[PDB]
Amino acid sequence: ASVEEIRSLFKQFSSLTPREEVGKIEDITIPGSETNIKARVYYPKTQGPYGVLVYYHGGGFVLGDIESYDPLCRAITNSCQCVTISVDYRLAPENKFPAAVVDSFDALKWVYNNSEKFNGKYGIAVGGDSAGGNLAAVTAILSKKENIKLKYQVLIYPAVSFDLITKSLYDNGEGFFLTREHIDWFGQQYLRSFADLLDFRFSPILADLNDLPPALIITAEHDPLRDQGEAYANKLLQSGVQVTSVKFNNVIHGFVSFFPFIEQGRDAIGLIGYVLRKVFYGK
């Protein structure tokens, strides 16, 4: 299948997944430094003021979009009882690294600077799954540098490093949905050159992680990315940041997207909701 055909398939498959009712939805355009960035704003059914979660979909920097991730964002919104803003960052191979990063940070900054539009008085968090988790993590690093004070970061089986060595990569690199071959191909679509492997904006493990927001990092047992996700948690802890690092057993990469039929996914969404309600509201 072509890239376009797979992008379309993501949207089609999403229409089989129930979309929970939320309080209100609005589609907005965020004025980026390089592009006008579409985003979808979900309000919860409770009354404000709110926290705001800026969410970055996964898809290997190539696939996914606001629509295919609409069911998941609705579910997160109801779980966190918080405004969720799902960001349509530019994709590769049309838009190489660091386009996705530039859009993700620009959106965060604009949300942070415009939070009153959303009655977002309880502050701003970032979160994302897989490649989206990568973008959340990188956006939190970039925020530190600009004195943007985030509340939290929710990293759902994030990609944090180029990896040829972890035991989970070899144990789990075939037979469990996301394969070695996929990982290679996504990296080829996204990166410009081998030198980008030295860039913390691609591998955030490289960065100094002092003074970042407290994190919930979810990994999955049968996931080639498992060990590097746990490494990121450990390096955050070593750098004095509070992190809850949880491995969900018996499930594969992507399981949170399959919450309607993988119950552990629903429970991960419950846990995500709890930590954000705690950090935003005190509970």
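One-based numbering along the sequence shown.
When 158-166 is weighed against 185-193, 185-193 comes out higher, by mean CA B-factor as recorded in the entry. Comparing 221-229 with 239-247, the stretch with the higher mean C-alpha B-factor in the PDB entry is 239-247. Across the residues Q153, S86, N134, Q81, the deposited record lists the maximum Cα B factor for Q81.
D129: CA B factor lies in the lowest third for its chain, per the PDB record. In the deposited entry, the Cα temperature factor of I148 places it in the highest third of its chain's modelled residues. Split the chain's modelled residues into thirds by C-alpha temperature factor. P204 is in the lowest one. Among the modelled residues of the chain, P49 sits in the highest third by CA temperature factor in this PDB entry. Per the PDB record, residue ranking by Cα B-factor puts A107 in the lowest third of the chain.
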